[PDB]
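These notes are about the structure you will find just below.
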Amino acid sequence: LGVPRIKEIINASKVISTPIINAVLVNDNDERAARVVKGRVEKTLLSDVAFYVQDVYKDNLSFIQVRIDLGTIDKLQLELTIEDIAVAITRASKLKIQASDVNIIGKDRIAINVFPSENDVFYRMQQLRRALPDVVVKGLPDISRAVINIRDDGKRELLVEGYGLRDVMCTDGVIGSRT
Amino acid sequence: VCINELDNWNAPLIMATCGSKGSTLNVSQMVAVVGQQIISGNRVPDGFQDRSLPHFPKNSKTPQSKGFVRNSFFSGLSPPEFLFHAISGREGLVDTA
Amino acid sequence: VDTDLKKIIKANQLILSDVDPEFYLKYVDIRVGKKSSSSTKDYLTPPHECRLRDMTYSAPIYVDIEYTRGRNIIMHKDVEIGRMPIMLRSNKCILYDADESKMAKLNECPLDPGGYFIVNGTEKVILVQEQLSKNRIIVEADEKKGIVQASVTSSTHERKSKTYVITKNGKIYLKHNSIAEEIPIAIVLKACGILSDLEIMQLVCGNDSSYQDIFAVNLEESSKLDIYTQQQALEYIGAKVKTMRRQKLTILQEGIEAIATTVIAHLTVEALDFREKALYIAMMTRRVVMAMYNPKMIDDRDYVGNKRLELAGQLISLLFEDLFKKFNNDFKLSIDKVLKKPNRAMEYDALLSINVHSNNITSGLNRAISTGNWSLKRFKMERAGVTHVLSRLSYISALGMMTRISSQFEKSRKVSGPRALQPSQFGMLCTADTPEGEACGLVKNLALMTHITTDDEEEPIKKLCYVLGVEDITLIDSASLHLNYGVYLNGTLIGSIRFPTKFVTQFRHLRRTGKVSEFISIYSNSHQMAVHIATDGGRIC
Amino acid sequence: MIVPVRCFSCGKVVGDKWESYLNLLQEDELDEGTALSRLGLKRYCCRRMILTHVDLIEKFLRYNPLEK
Amino acid sequence: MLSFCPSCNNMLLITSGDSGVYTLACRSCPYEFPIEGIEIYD
Amino acid sequence: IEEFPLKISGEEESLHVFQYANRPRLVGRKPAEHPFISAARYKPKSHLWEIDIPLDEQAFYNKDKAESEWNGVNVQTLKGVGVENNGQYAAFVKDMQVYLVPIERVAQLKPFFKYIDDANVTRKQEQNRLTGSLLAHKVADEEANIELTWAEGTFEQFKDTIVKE
Amino acid sequence: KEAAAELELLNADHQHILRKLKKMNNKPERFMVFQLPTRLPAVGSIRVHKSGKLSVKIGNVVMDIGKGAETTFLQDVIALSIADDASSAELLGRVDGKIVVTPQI
Ligand SMILES: [Zn+2]
Ligand SMILES: [Zn+2]
């Protein structure tokens with residue numbers, strides 16, 4: 001608020017310290033609309049829906065299968081299927097490994113089929129093991145967190161700390177009138 | 001409840017009722033009680049491991065141990081109260097120089 | 001002048017020559033102002049007369065040297081090799097336990113604090129200066145890049161600081177200013193002696209902590225590089241080294257890194273075959289690995305217990321070490337000029353030519369005090385504004401300057417930390433007397449009942465712990481630190497005695513019978529899982 | 001250094017009441033209050049002149065430059 | 001994986017044995033073990 | 001309740017301790033399975049221990065790996081450097097009586113790999129002062145001619161410290 | 001609360017060496033290791049008390065308690081003898097732990 005914030009504007013810096021975005025809602029429903037509009041925002045929820053990430057070797061191939069439940073999605077509203085998580089793994093990075101193959105089975109497992117200095121298979125398995133539990137699933141990638149806040153009246157207004165303002169304004173649940 | 005029991009025709013209550021210098025906070029801090037010397041927004045941190053002064057036990061979040069004076073300036077401060085006031089004084093004293 | 005002035009000449013006691021191998025000068029004795037059975041320097045100049053004559057107040061240093069010839073004759077002779085400034089009221093001045101009539105006879109006030117030099121007529125004071133703790137481990141954190149660990153080496157000949165930075169992904173690799181593009185620590189402490197991968201995993205992570213998956217990245221890049229011990233491993237650390245030393249340059253196949261992993265670089269440990277240094281770098285790893293999982297377990301630079309106060313005795317010892325190393329170098333190059341040109345061997349003049357080379361050990365020793373520039377060529381800690389002229393505004397001004405501690409800043413742009421009042425200086429430093437201006441909080445003062453200590457021996461304390469029950473580090477398994485608290489002697493690990501409460505109680509009970517108790521102290525630490533014994537003084541109490 | 005002739009506030013001569021004060025301190029042993037009370041001054045002004053005064057000239061005359 | 005050698009206490013890798021079978025075998029010592037592995041962690 | 005008397009029992013020889021770092025303990029049935037084949041050597045003046053472990057030619061031998069890169073090998077070399085100590089003693093008890101024996105040295109065995117040195121020394125072509133810590137590393141592999149007959153026997157040692165008392 | 005572990009766990013290593021000294025006493029070809037302190041007084045022994053503690057009162061009567069050590073011997077430890085560089089490697093062989101003797105003050 002003080003003298004390092006007036007200089008934050010007079011210098012017109014490209015990156016700033018602690019941004020907020022104040023968005024409003026449409027209806028007057030606290031819990032359900034709060035959870036679904038908050039759940040349409042944050043990213044990298046893969047460390048809460050998987051319970052483990054394991055890698056096994058079956059005699060010519062490798063399984064990096066992930067156990068996605070349905071109980072976490074039941075509590076807080078995330079309108080996604082396992083196909084949406086497969087699309088999220090399909091664009092998990094820009095260009096690292098994620099090109100060739102994924103699979104979809106009945107009880108929600110996605111094992112990345114891989115094919116070959118020497119013996120780079122174990123190195124790819126360790127790097128893809130250590131780069132997987134921070135892969136985003138559903139939400140916006142350039143927003144840290146979100147807090148819904150109560151005013152003096154019975155109104156609920158969410159607020160994020162990101163940088164978009166275009167993909168945040170283009171979001172179902174909120175109105176693009178004022179933010 | 002100190003300003004209401006304070007008699008009229010005295011200097012600091014008149015100077016708080018009129019203008020130039022002195023408020024109700026200064027006369028309540030001289031007479032009644034000094035309260036909650038804060039630094040950097042929150043209360044005072046742990047100067048040692050798990051505590052601030054070595055005169056209080058570990059994991060003691062009591063007000064007399066973590067930066068709440070209770071004596072006014074007329075009665076006199078205790079040495080942990082004196083150190084807690086000295087920290088908050090030197091904070092505002094170094095932000096001017 | 002009683003202990004360290006003899007210790008300096010015991011490291012440069014003998015000189016050589018390139019003319020012949022049968023030439024040596026041997027320093028036997030040294031003392032300040034003492035010649036024969038008479039009194040200690042029968043008449044000096046008084047300290048009041050030299051403040052009016054614009055003189056200095058000094059006593060001569062008398063050394064005794066051995067003098068030889070090819071006729072193998074050996075005798076002794078006392079010579080004067082220069083003046084050394086005497087401080088007021090300390091064991092060499094006239095004003096030591098003087099009577100009140102003696103103070104008025106010599107025109108001196110009996111109530112001045114003393115302790116100040118009187119050089120070139122004017123009164124100079126060497127200030128007390130704080131710095132960080134030498135030979136001890138400090139850990140700092142950062143939000144942007146990552147957590148950085150430092151370890152300042154307190155070696156004599158060189159100034160080292162072995163940094164332990166990380167960049168990304170837990171790719172831990174230590175750095176140095178005498179090493180090129182650096183190497184991850186698996187290869188580094190694999191070159192030190194820890195060769196198994198089972199005990200590079202248990203030593204720094206524990207049994208069932210969350211520390212295992214954090215450190216296990218650095219195992220994965222073990223096979224990415226020169227793995228499979230020292231036919232490849234130590235050679236890769238030796239290949240990326242600075243200070244190539246082209247004199248005998250052929251060593252850089254096996255032996256250029258055995259120079260680097262020993263007393264030349266990175267530390268002050270004098271091990272031949274490395275078990276402690278292989279652990280000390282490995283125990284330096286665990287304090288970072290614990291700080292990655294929990295960012296609360298970090299150290300603060302502003303803590304008073306992390307700092308040491310350097311007094312007026314250490315700086316004069318450094319200056320006299322430098323001017324005595326320069327004294328032998330300017331004299332060796334001036335005595336080989338004369339002992340080569342004629343055919344005969346010169347009997348005299350090898351002792352009678354020292355008076356033209358003893359005027360720079362006197363003028364420089366006064367110049368570095370009167371000016372304030374403690375410029376040492378080998379040491380590289382050039383600081384200005386050390387000595388300050390004694391304030392004589394009033395009586396409380398000349399006394400409050402002899403109590404003053406002046407700290408040094410890094411840069412004056414974004415400091416914000418070492419100007420607030422720390423709660424850890426309760427009764428140690430003055431909580432009121434600070435200057436108002438640019439030096440607000442950077443300049444401090446001592447309280448009444450304090451004492452700055454000295455390093456005593458460091459030798460019998462280590463032999464006393466082994467009596468009390470601790471094992472040596474070469475007798476314990478590498479998979480044993482889920483035990484009780486591990487004893488540290490000035491940062492160096494000793495071997496983790498069981499039941500540390502009884503050890504602390506018996507060590508404090510031995511302290512109260514006589515273990516002389518200026519600084520040799522003990523304190524436990526639960527979050528570090530250790531128990532420290534401190535002997536290396538330079539620290540308040 | 002020396003006791004002043006007149007007191008600062010009103011101006012009563014207190015320079016005549018220093019040797020007679022030191023005579024009452026050593027012999028006829030009294031406290032400072034009563035021996036300074038039966039000496040003249042009743043007010044606490046001009047009583048402060050004899051009470052809080054340091055005698056520096058007795059220490060200054062030990063550094064006599066005209067003799068040895 | 002995080003499996004250690006019972007003979008020399010080193011880190012073992014996953015290699016391809018003559019283009020078509022998988023086995024865990026280090027270059028640290030003459031050791032090989034043809035089992036399949038698990039890398040489950042919470 | 002009585003005691004069990006300790007004696008210093010004489011000092012005429014030098015003892016040592018292996019203290020292995022590779023094979024801790026088996027799950028049961030008389031563990032730790034110490035081998036028989038080793039028959040190793042010794043070096044003084046740098047103390048340079050070596051001890052050997054036989055391999056398994058029946059299981060997990062990897063006949064392509066053990067004879068492809070390096071030579072056909074059966075030895076598995078360990079290495080340790082001892083250090084002098086004080087106050088350590090050895091103990092053996094016969095039903096009433098504890099015997100202290102000065103043991104004087106403790107080392108740790110670490111498996112230094114020698115065949116990588118043998119492979120790198122082949123694939124290459126296919127000064128009087130050191131002042132501490134380099135003279136010891138230089139003088140390390142000179143004599144080595146103490147290829148030793150690995151013997152046993154509890155009769156020449158138990159009937160060696162009991163005679164004096 | 002740290003004084004409770006200085007009396008509860010002392011009733012464990014005293015009973016652990018009591019399960020090691022007299023229970024396995026008959027004839028194992030087997031060695032142990034004691035940690036005696038230096039500057040030894042120039043003997044007395046264990047003196048198992050009334051099912052309590054174990055406290056050595058050594059000869060040269062000044063008194064020296066101490067039992068119990070750590071579990072650092074999870075690894076294999078085997079002692080051996082040596083002669084003058086001609087015959088060595090005559091192992092006895094086992095360690096069954098260690099004890100530490102600490103002089104009380
Ligand atoms: Zn008056
Ligand atoms: Zn192995």
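Numbering starts fresh at 1 for the residues of each chain in the structure tokens, the chains themselves are lettered A, B, ... in the order given, and ligands are numbered from 1 as they appear.
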**Close residues, residue 86 (chain B) itself excluded, 10 Å, only C-alpha atoms, min 6 positions apart in chain, as number ranges by chain** = B: 37, 80; C: 420-423, 431-432
Just need the residues of chain E within 9 Å of chain C, counting only C-alpha atoms, so spit them out as a PDB file with C-alpha atoms, in the first residue's frame.
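Resulting contents of selection-v6.pdb:
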ATOM      1  CA  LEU E   2      15.158 -47.448  -5.416  1.00  0.00           C
ATOM      2  CA  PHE E   4      20.177 -51.569  -3.959  1.00  0.00           C
ATOM      3  CA  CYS E   5      22.795 -54.185  -4.779  1.00  0.00           C
ATOM      4  CA  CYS E   8      28.393 -54.112  -3.502  1.00  0.00           C
ATOM      5  CA  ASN E   9      25.646 -51.710  -2.240  1.00  0.00           C
ATOM      6  CA  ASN E  10      25.260 -49.570  -5.345  1.00  0.00           C
ATOM      7  CA  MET E  11      22.388 -48.264  -7.499  1.00  0.00           C
ATOM      8  CA  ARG E  27      27.284 -52.008 -14.159  1.00  0.00           C
ATOM      9  CA  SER E  28      28.724 -51.956 -10.623  1.00  0.00           C
TER      10      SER E  28
END
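By only C-alpha atoms, and with residues fewer than 5 positions from residue 351 (chain C) along its chain excluded, the set lying at most 10 Å from it is residues 25, 65, 66, 67, 77, 79 and 335 of chain C.
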**Message:** To check your reading of the model: which residues sit at most 9 Å from ligand 1 when counting only C-alpha atoms and all ligand atoms? Write the answer as a list in words.
**Reply:** residues 6, 7, 8, 9, 10, 11, 12, 13, 43, 44, 45, 46, 47, 48 and 49 of chain D
What are the DSSP strand (DSSP E or B) residues of chain E, as a compact mmCIF listing (two decimals) with C-alpha atoms, in the first residue's frame?
# COMPACT_ATOMS: atom_id res chain seq x y z
CA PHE E 4 20.18 -51.57 -3.96
CA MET E 11 22.39 -48.26 -7.50
CA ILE E 14 16.82 -51.06 -15.88
CA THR E 15 18.46 -52.36 -19.05
CA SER E 16 17.41 -54.18 -22.21
CA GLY E 17 18.80 -57.70 -22.39
CA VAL E 21 13.59 -58.61 -22.46
CA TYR E 22 13.83 -56.31 -19.45
CA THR E 23 15.97 -57.05 -16.40
CA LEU E 24 17.48 -54.99 -13.59
CA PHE E 33 17.81 -60.11 -11.47
Produce a table with one row for each residue of chain F that has an atom at most 12 Å from any atom of ligand 2, each row naming the nearest atom pair and its distance in Å at one decimal; use only C-alpha atoms and all ligand atoms; arrange rows by chain and rising residue number; format as a Markdown table.
| residue | atom | partner | partner_atom_place_in_ligand_line | distance |
| --- | --- | --- | --- | --- |
| F:22 | CA | ligand 2 | 1 (Zn) | 9.7 |
| F:23 | CA | ligand 2 | 1 (Zn) | 11.3 |
| F:55 | CA | ligand 2 | 1 (Zn) | 10.9 |
| F:60 | CA | ligand 2 | 1 (Zn) | 10.5 |
| F:61 | CA | ligand 2 | 1 (Zn) | 11.1 |
| F:76 | CA | ligand 2 | 1 (Zn) | 10.6 |
| F:111 | CA | ligand 2 | 1 (Zn) | 10.2 |
| F:113 | CA | ligand 2 | 1 (Zn) | 11.2 |
**Request:** Would you mind listing what lies within 10 Å of residue 174 (chain A) as a ChimeraX atom specification, with only C-alpha atoms counted and same-chain residues fewer than 3 positions away left out?
**Result:** /A:23-27,33,37,157-158,168-171,177-179
**Message:** If you run DSSP on the backbone here, which positions in chain F get helix (DSSP H, G or I)? Please write them as a PyMOL selection string.
**Reply:** chain F and resi 63-68+115-122+135-138+155-158
**Message:** Using only C-alpha atoms and a cut-off of 7 Å, which residues of chain F sit close to chain C? Please list them as a list in words.
**Reply:**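 Close to chain C, chain F has residues 106, 116, 117 and 133 of chain F.
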Write the residues you've just listed into a file as a CSV table (one decimal), in the first residue's frame, and include C-alpha atoms for each of them.
chain,number,residue,atom,x,y,z
F,106,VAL,CA,39.8,-50.4,14.4
F,116,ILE,CA,37.9,-50.7,-13.5
F,117,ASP,CA,41.5,-49.8,-12.9
F,133,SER,CA,48.9,-36.0,2.6
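Near residue 52 (chain G), within a cut-off of 12 Å and counting only C-alpha atoms, sit the residues residues 1 of chain F; 7, 8, 10, 11, 12, 13, 14, 15, 18 and 47 of chain G, with same-chain residues fewer than 5 positions away left out.
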Please write the residues from the selection above to a file, keeping N, CA, C and O atoms, as a PDB file, in the first residue's frame.
ATOM      1  N   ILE F   1      24.804 -60.886  45.641  1.00  0.00           N
ATOM      2  CA  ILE F   1      25.126 -61.250  44.268  1.00  0.00           C
ATOM      3  C   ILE F   1      26.579 -60.880  43.985  1.00  0.00           C
ATOM      4  O   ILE F   1      26.996 -59.745  44.211  1.00  0.00           O
TER       5      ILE F   1
ATOM      6  N   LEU G   7      16.418 -42.760  33.307  1.00  0.00           N
ATOM      7  CA  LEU G   7      16.216 -43.788  34.319  1.00  0.00           C
ATOM      8  C   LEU G   7      15.432 -44.991  33.820  1.00  0.00           C
ATOM      9  O   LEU G   7      15.630 -46.089  34.351  1.00  0.00           O
ATOM     10  N   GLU G   8      14.563 -44.830  32.821  1.00  0.00           N
ATOM     11  CA  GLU G   8      13.810 -45.959  32.288  1.00  0.00           C
ATOM     12  C   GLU G   8      14.667 -46.806  31.357  1.00  0.00           C
ATOM     13  O   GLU G   8      14.652 -48.039  31.436  1.00  0.00           O
ATOM     14  N   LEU G  10      17.907 -46.941  31.322  1.00  0.00           N
ATOM     15  CA  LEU G  10      19.009 -47.543  32.068  1.00  0.00           C
ATOM     16  C   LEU G  10      18.634 -48.887  32.679  1.00  0.00           C
ATOM     17  O   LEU G  10      19.528 -49.669  33.017  1.00  0.00           O
ATOM     18  N   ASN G  11      17.341 -49.171  32.841  1.00  0.00           N
ATOM     19  CA  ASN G  11      16.874 -50.490  33.241  1.00  0.00           C
ATOM     20  C   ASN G  11      16.641 -51.412  32.050  1.00  0.00           C
ATOM     21  O   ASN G  11      15.983 -52.448  32.197  1.00  0.00           O
ATOM     22  N   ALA G  12      17.165 -51.059  30.882  1.00  0.00           N
ATOM     23  CA  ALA G  12      17.079 -51.886  29.688  1.00  0.00           C
ATOM     24  C   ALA G  12      18.429 -52.409  29.229  1.00  0.00           C
ATOM     25  O   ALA G  12      18.549 -53.596  28.919  1.00  0.00           O
ATOM     26  N   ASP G  13      19.454 -51.556  29.186  1.00  0.00           N
ATOM     27  CA  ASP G  13      20.780 -52.012  28.789  1.00  0.00           C
ATOM     28  C   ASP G  13      21.476 -52.794  29.896  1.00  0.00           C
ATOM     29  O   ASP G  13      22.355 -53.613  29.610  1.00  0.00           O
ATOM     30  N   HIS G  14      21.108 -52.546  31.157  1.00  0.00           N
ATOM     31  CA  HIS G  14      21.610 -53.371  32.249  1.00  0.00           C
ATOM     32  C   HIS G  14      21.036 -54.778  32.186  1.00  0.00           C
ATOM     33  O   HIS G  14      21.726 -55.746  32.525  1.00  0.00           O
ATOM     34  N   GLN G  15      19.781 -54.909  31.756  1.00  0.00           N
ATOM     35  CA  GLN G  15      19.177 -56.218  31.554  1.00  0.00           C
ATOM     36  C   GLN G  15      19.546 -56.825  30.207  1.00  0.00           C
ATOM     37  O   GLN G  15      19.411 -58.040  30.032  1.00  0.00           O
ATOM     38  N   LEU G  18      22.838 -58.397  30.937  1.00  0.00           N
ATOM     39  CA  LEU G  18      22.607 -59.537  31.817  1.00  0.00           C
ATOM     40  C   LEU G  18      22.082 -60.733  31.033  1.00  0.00           C
ATOM     41  O   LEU G  18      22.319 -61.883  31.420  1.00  0.00           O
ATOM     42  N   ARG G  47      29.819 -56.257  39.808  1.00  0.00           N
ATOM     43  CA  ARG G  47      29.066 -56.194  41.070  1.00  0.00           C
ATOM     44  C   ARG G  47      27.580 -55.916  40.816  1.00  0.00           C
ATOM     45  O   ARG G  47      27.077 -54.815  41.060  1.00  0.00           O
TER      46      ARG G  47
END
**Fill in**
Expressed in Å, the length from CA of residue 32 (chain G) to CA of residue 95 (chain G) is 4.8 Å
**Item:** Atom pair CA of residue 22 (chain C) / CA of residue 339 (chain C): separation (Å)
**Value:**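 Between CA of residue 22 (chain C) and CA of residue 339 (chain C) the gap works out to 12.0 Å.
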**Item:** Surrounding residues of region 123-139 of chain C excluding itself and chain neighbours under 4 positions, 6 Å, only C-alpha atoms, as a PyMOL selection string
**Value:** chain C and resi 116-118+149-154+298-299+306-312+387-390+405-407+491
**Request:** Find the residues near region 19-26 of chain G: any atom within 7 Å, counting only C-alpha atoms, skip ones fewer than 6 places away on the same chain, and give them as a ChimeraX atom specification.
**Result:** /F:93-95
Keeping C-alpha atoms for every residue in the selection just given, could you write it to a file as a PDB file, in the first residue's frame?
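Final output, saved to again-v2.pdb:
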ATOM      1  CA  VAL F  93      34.605 -64.966  29.233  1.00  0.00           C
ATOM      2  CA  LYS F  94      34.980 -68.500  30.628  1.00  0.00           C
ATOM      3  CA  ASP F  95      32.098 -69.045  33.090  1.00  0.00           C
TER       4      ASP F  95
END
